[PDB]
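Okay, structure first, notes after.
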Amino acid sequence: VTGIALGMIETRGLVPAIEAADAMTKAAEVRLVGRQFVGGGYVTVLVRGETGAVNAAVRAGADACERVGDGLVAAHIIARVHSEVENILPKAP
Amino acid sequence: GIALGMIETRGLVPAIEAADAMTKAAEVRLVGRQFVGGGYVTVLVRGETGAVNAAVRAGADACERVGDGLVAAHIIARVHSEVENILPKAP
Amino acid sequence: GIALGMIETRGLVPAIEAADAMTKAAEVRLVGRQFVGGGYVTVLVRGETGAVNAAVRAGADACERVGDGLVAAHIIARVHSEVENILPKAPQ
Amino acid sequence: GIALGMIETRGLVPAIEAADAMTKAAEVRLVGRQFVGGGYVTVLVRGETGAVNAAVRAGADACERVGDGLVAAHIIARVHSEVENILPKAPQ
Amino acid sequence: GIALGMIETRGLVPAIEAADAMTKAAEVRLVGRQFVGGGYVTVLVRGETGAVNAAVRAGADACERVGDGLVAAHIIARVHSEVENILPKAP
Amino acid sequence: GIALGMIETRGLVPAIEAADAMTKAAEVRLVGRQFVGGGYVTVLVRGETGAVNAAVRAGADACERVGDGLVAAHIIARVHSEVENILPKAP
Amino acid sequence: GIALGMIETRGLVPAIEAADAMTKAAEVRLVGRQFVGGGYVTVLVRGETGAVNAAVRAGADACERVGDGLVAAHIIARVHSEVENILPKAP
Amino acid sequence: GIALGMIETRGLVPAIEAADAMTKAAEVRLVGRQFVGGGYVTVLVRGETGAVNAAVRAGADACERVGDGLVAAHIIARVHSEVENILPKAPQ
Amino acid sequence: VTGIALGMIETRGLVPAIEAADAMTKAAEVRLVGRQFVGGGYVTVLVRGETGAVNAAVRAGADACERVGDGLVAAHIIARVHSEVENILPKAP
Amino acid sequence: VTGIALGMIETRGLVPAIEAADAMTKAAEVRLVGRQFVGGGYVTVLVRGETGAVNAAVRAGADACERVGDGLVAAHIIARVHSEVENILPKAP
Amino acid sequence: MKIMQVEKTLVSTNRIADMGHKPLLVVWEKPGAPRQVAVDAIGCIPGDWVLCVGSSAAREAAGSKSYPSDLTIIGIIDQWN
Amino acid sequence: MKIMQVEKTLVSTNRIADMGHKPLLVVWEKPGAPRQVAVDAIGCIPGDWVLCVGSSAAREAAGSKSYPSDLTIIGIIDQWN
Amino acid sequence: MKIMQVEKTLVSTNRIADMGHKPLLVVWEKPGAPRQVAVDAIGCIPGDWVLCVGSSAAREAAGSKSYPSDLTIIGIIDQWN
């Protein structure tokens, strides 16, 4: 898979985060590039790919994970990521 | 087995009880205990679909009252190959 | 020594008090003090079933008052072999 | 490049959005993403004063909506030399 | 200087602002920034009693509105030799 | 298969109907019919977890109205080795 | 696998969505799409009992709102040998 | 070209209008027009994910008014390999 | 007759469809390229020709067939038809 | 320090003016080019530097001096100063 | 108004929300002329000659008083060389 | 609309108050073309090709009925040469 | 928006009443470019590079919903060559 678009989903807990990651990867052709434990319960999953693929993946993941567990906190999409942000974005999980 | 079962609890005692009841109720394989942070603790198992379902049901019923309680209980029949990268193999 | 005793407290002072109370009450070995995060501290012990039960009861009763209080106090008389992989063996 | 820009958010998604917004808005260098703990994420930038001000304003405006929202958005036009010892220089 | 000044803030931005205003307002020495956990961040300084008092007052007045706010601001004129063991020397 | 499914009925006709519907609905193995005494009759099966679940659900739905009715319907995913001593092998 | 899962939908788009979600959620084998006539469309799968159950549940939850909606969702654990004559083998 | 777009309409005129609208809006290939029976007509397209999404949105918006209206408008970004056996490849 | 414009009329039943086709062909200079049985009672008639001719034909056909039988369902006009749609559009009846 | 931008703060009295000058010079990288006694109590402090630096300095100075003493009268910023105004603007204090 | 020829379809996934479902086409006066993107309110295959309106009228031609557009296709020329 | 490529970020400290917090980018059709400044409503790194709207539509694209802008970026082209 | 450089001050005594007290400056892209007059809402010495907005946005930038202007200066570029 190629592309630089980034899709983010933040959930309160690990079970909704895993569900969202699975839903995203099954719905679209994206890449799971990392899972982050923010602290305080927040867990963030990141996906990379084409813009439309990331759009479909993030929509499906938010819809799937909005109910399981404590719920869904945020679901954001970034078309082009600045080169500086790539330093803080993980490459592989 | 490929099916994934998981329970999140608000504490470590309910997580241990859930994992113990899970492994005793069904012949599944405990693959990891994760400290999410903020009090959440998660336990994960792998196995057949029916065994995972029975184990998760038993664990969610056994950890309901122990400790601060139960947060979530989920079952995935066939998880995507991408999620294996973030799923732990051993605890 | 196969039974496992568990006590969870909001803070480290009640956890220390509970661990001391259990260890003084019965002949058990303190195996682990775990910082769950968010204020939860868990103490684990191993021993014969009745001793672990008595120690857990005494520790819960003793450390209920001190600090933010109790969260859980649970005894397992037969830990599954697979579960043992996530149970610490030596305190840190 | 001496001015310092700061944005704090409840969660990592708004923090990433803010960092991207600032970096796209102005010519600044992202120096640090800090996990404060308890849900707070802080992003730091360095650059000329006006550029840092514009970047911070744009980032706050962009990332206010996403996630749990904003916590702080502050610009310092002259960081003291002693304070620099606690400011990270490269992101991790 | 031996006097110790400290401010706790609910976030890292108020802590940085407090430390910056402190060091600019008085000629004190910043000795450490500590992440307590749960959101609290602490900054510590050393110096003369009057300088530390002025610095802490300025920092508490400057971090009051920035971010989530101010938690505490304290001054110790002569800290016991035992507390040096837990007090950081450099950040 | 190791999973155990059982239904108790208040009579022998509902027990026969439950066992028949069970074995027809799922490919399980009927291992015994027990006269508890006082009218209760129990039927037991062994097999895979999913097959046992489907069989027990079908039997509990088929014996609900026939005869005096249904007493209980239970599924054990992995029964302990000790219970094999009291579990019959053949009827 | 022998278990049969089926969903009927009032349209072809909900049927495609149901089949897609089914095959992605569980490792089952899609065996046929049938145009009943009058708008009804049916999709059928074969596989293990647990996999078929998970697939059918996911498909019924995914096709609920898409299109005109969901008509029926059924699972047969062990279908009779006679029904194989009318069950399609490939779509 | 792996994403699949779907539109269902009550009648053949809205189906033709939808197919034309999608094909004009994006670079997609119309693969199938299916007579479901009972008045339902379904049109299928294949292409890159974003193009299929744009085409489906435009077609739904265009053909909502004409005829008896819309029934469904759904985009699948990743069709399973097994599902492909029931998807027509060439229109008739 | 030449042209690529397409005129569509959908009626519930065959009698209104035949009436609409006759009215269209008599009113304007168009080509009857097909009649389709959609299923469920819907019947569709298609005409090809110049844009203005198709406009007049479709207007007259809708006006004529709006009353006979179960009635008129849809009457749409397409100026230029995409090449892909020509695959599903019939050539001759 | 370079730049031609000018920052002005007017206070009623000398104590707020001194406080504002100190706050400006500590907050940003500017130059104190003069203090003027207008008459009637008004005192004006002038700073020079880059546009953004002057902006930050003036904001901080107004915020700091708005309370001490009689208070703050005016706080204005000028991006580019005309060459004629440089005659009346003092060079050094 | 302004006569242009449709070149190709243009798709932007990250377009703003209020742009709606309307499609976009790339239109130029002639091969080699500077290219512009116009909101399609009629439906045009590549190649044909269309009428393009600009300024505030294009917003209404798109469909709303406040549609974010500045060049909208309002019709297809019947005959044109 | 009008296809342009982002060149660099432009910052003006003395900009009027009602311009808000929105950023500004320098956009041109191609290297060497005349340069224009567009209000960024999407977020674009330098180099990519974006859709720029003008006239009264740009004010709404910025975010307000009365935003002082005349050229606003409304989306990023997916594929473009 | 549109980047221009201030050349000189322009004064018109017989200007219409509703133009208010706002000053006018002559702005061009570069020496030799066609000259345009822009209402000054910021205050710019000759020589510097400024941001000029046009169309209906310039009226608001001037200060009123109905100010008779079509090109208003909205800010001064910090750094520009």
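Each chain in the structure tokens gets a letter, A, B and so on, in the order shown; residues start at 1 in every chain, and ligands are counted from 1 in the order they appear.
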- In chain F, what's alpha helix (DSSP H) per DSSP? Answer as an NGL selection string? :F and (12-25 or 49-62)
Can I get the selected residues back with N, CA, C and O atoms, as a compact mmCIF listing (two decimals), in the first residue's frame?
```txt
# COMPACT_ATOMS: atom_id res chain seq x y z
N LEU F 12 -41.31 -38.01 30.76
CA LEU F 12 -40.46 -38.75 29.84
C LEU F 12 -40.74 -38.38 28.39
O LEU F 12 -39.82 -38.40 27.57
N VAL F 13 -41.99 -38.06 28.06
CA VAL F 13 -42.30 -37.62 26.70
C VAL F 13 -41.57 -36.33 26.33
O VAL F 13 -40.98 -36.28 25.24
N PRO F 14 -41.59 -35.27 27.14
CA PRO F 14 -40.78 -34.10 26.79
C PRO F 14 -39.30 -34.40 26.69
O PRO F 14 -38.62 -33.82 25.85
N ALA F 15 -38.79 -35.31 27.52
CA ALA F 15 -37.38 -35.68 27.42
C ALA F 15 -37.07 -36.36 26.10
O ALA F 15 -36.05 -36.06 25.46
N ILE F 16 -37.93 -37.29 25.67
CA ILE F 16 -37.70 -37.95 24.39
C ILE F 16 -37.78 -36.94 23.26
O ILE F 16 -36.96 -36.97 22.33
N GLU F 17 -38.77 -36.05 23.30
CA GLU F 17 -38.88 -35.04 22.25
C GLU F 17 -37.65 -34.14 22.22
O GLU F 17 -37.15 -33.80 21.14
N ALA F 18 -37.16 -33.74 23.39
CA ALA F 18 -35.98 -32.90 23.45
C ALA F 18 -34.77 -33.61 22.86
O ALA F 18 -34.03 -33.04 22.06
N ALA F 19 -34.57 -34.88 23.24
CA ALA F 19 -33.42 -35.62 22.72
C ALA F 19 -33.52 -35.80 21.21
O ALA F 19 -32.52 -35.67 20.49
N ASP F 20 -34.72 -36.11 20.71
CA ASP F 20 -34.91 -36.32 19.28
C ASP F 20 -34.64 -35.04 18.51
O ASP F 20 -33.89 -35.05 17.52
N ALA F 21 -35.24 -33.93 18.94
CA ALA F 21 -35.01 -32.66 18.27
C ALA F 21 -33.55 -32.25 18.35
O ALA F 21 -33.00 -31.70 17.39
N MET F 22 -32.90 -32.53 19.48
CA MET F 22 -31.49 -32.20 19.65
C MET F 22 -30.63 -32.94 18.64
O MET F 22 -29.85 -32.33 17.89
N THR F 23 -30.78 -34.26 18.58
CA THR F 23 -29.96 -35.07 17.69
C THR F 23 -30.26 -34.78 16.23
O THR F 23 -29.37 -34.89 15.38
N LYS F 24 -31.50 -34.43 15.90
CA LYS F 24 -31.80 -34.08 14.52
C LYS F 24 -31.27 -32.70 14.15
O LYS F 24 -30.81 -32.50 13.03
N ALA F 25 -31.31 -31.75 15.09
CA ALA F 25 -30.90 -30.39 14.77
C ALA F 25 -29.39 -30.27 14.66
O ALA F 25 -28.89 -29.54 13.80
N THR F 49 -18.65 -27.36 20.70
CA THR F 49 -19.35 -26.31 21.43
C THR F 49 -20.51 -25.74 20.62
O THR F 49 -21.63 -25.61 21.13
N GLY F 50 -20.26 -25.40 19.36
CA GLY F 50 -21.32 -24.84 18.54
C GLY F 50 -22.44 -25.82 18.28
O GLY F 50 -23.62 -25.47 18.35
N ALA F 51 -22.09 -27.07 17.98
CA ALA F 51 -23.11 -28.09 17.75
C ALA F 51 -23.94 -28.32 19.00
O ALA F 51 -25.16 -28.44 18.93
N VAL F 52 -23.29 -28.38 20.17
CA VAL F 52 -24.02 -28.59 21.41
C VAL F 52 -24.94 -27.41 21.69
O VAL F 52 -26.08 -27.59 22.12
N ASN F 53 -24.47 -26.19 21.44
CA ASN F 53 -25.31 -25.01 21.65
C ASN F 53 -26.54 -25.06 20.77
O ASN F 53 -27.67 -24.84 21.24
N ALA F 54 -26.35 -25.35 19.48
CA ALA F 54 -27.49 -25.41 18.57
C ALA F 54 -28.46 -26.51 18.98
O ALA F 54 -29.68 -26.31 18.98
N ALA F 55 -27.93 -27.68 19.34
CA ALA F 55 -28.79 -28.79 19.72
C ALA F 55 -29.60 -28.45 20.96
O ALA F 55 -30.81 -28.71 21.01
N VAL F 56 -28.96 -27.87 21.97
CA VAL F 56 -29.66 -27.57 23.21
C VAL F 56 -30.71 -26.50 22.98
O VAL F 56 -31.82 -26.57 23.53
N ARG F 57 -30.40 -25.48 22.17
CA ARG F 57 -31.40 -24.47 21.87
C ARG F 57 -32.61 -25.09 21.17
O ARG F 57 -33.76 -24.81 21.55
N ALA F 58 -32.37 -25.94 20.18
CA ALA F 58 -33.48 -26.57 19.47
C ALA F 58 -34.30 -27.46 20.40
O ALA F 58 -35.53 -27.46 20.34
N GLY F 59 -33.63 -28.22 21.27
CA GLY F 59 -34.35 -29.09 22.18
C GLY F 59 -35.18 -28.32 23.19
O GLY F 59 -36.33 -28.69 23.48
N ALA F 60 -34.62 -27.25 23.75
CA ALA F 60 -35.37 -26.42 24.68
C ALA F 60 -36.54 -25.72 24.02
O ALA F 60 -37.56 -25.51 24.68
N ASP F 61 -36.43 -25.36 22.74
CA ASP F 61 -37.57 -24.80 22.02
C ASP F 61 -38.59 -25.84 21.61
O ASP F 61 -39.77 -25.49 21.45
N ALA F 62 -38.19 -27.10 21.43
CA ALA F 62 -39.12 -28.13 20.99
C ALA F 62 -39.84 -28.81 22.14
O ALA F 62 -40.96 -29.29 21.95
```
- Contacts of range 62-75 of chain K at 10 Å (only C-alpha atoms; same-chain gap of 3+ positions) as a ChimeraX atom specification: /I:79 /K:1-4,6,16-20,22,24-25,27,36-44,49-59,78 /L:1-2,52-62,65,72,74
Determine, using only C-alpha atoms, which residues of chain B have any atom at most 12 Å from an atom of chain D, and tabulate each with its shortest atom pair and distance in Å to one decimal place, rows ordered by chain and then rising number, as CSV.
```
residue,atom,partner,partner_atom,distance
B:36,CA,D:38,CA,11.5
B:37,CA,D:38,CA,8.4
B:38,CA,D:38,CA,6.9
B:39,CA,D:38,CA,10.7
```
re CA of residue 29 in chain C and CA of residue 69 in chain B: distance 27.0 Å
* To do: Within 12 Å of residue 75 in chain J, counting only C-alpha atoms, which residues show up once you throw out same-chain ones fewer than 3 positions away? Write them as a ChimeraX atom specification, please.
  => /J:6-11,17,20-21,24,43-47,54-66,71-72,78
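Taking CA of residue 27 in chain B and CA of residue 46 in chain B as the two end points, the separation is 9.6 Å.
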